[PDB]
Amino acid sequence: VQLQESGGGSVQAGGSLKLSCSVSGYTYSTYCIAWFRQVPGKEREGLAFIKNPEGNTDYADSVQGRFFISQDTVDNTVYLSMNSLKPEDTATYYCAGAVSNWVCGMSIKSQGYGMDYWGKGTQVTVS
């Protein structure tokens, strides 16, 4: 399994930015894909997660109704449309995969504890 973020960069104060996470290597269809961030000197925060028996998602409460995890129908690449971006949103955004799907809401509440596969992250800076 391989995961790579993209789409980040410089965003306007208040603007939106769509991040992606290309997904290869998954054989079965049941697994957890999450989204994370980490401003330096601090711990990884959990953001959004996807579950692949049905497509149910949830989002940590500090990005509720601002960040929107989507997944491509054919590409099985997961997206993260982020909105109302504040400087407090500046961080390195990581993408993370796990081996099953119920391990998800938990790692989203525990800075990625149960996640298995990780990306190198991309950089998002809001002015």
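A residue's number is simply how far along the shown sequence it sits, counting from 1.
Participant: So which stretch wins on mean C-alpha B-factor, 109 to 117 or 9 to 17?
Facilitator: Taking the mean B-factor of the alpha carbons in each, 9 to 17 is higher.
Participant: Please compare 95 to 103 with 61 to 69 and say which has the higher mean C-alpha temperature factor in the record.
Facilitator: Per the PDB entry, the higher value belongs to 61 to 69.
Participant: Give the position of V124 by CA B-factor within its chain, expressed as the lowest, middle or highest third.
Facilitator: Tercile = middle for this residue's CA B-factor.
Participant: Once the chain's modelled residues are ordered by C-alpha B factor and cut into thirds, is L80 in the lowest, middle or highest one?
Facilitator: Middle third by C-alpha B-factor.
Participant: Could you say whether, by C-alpha temperature factor, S29 belongs to the lowest, middle or highest third of its chain?
Facilitator: Tercile = lowest for this residue's CA B-factor.
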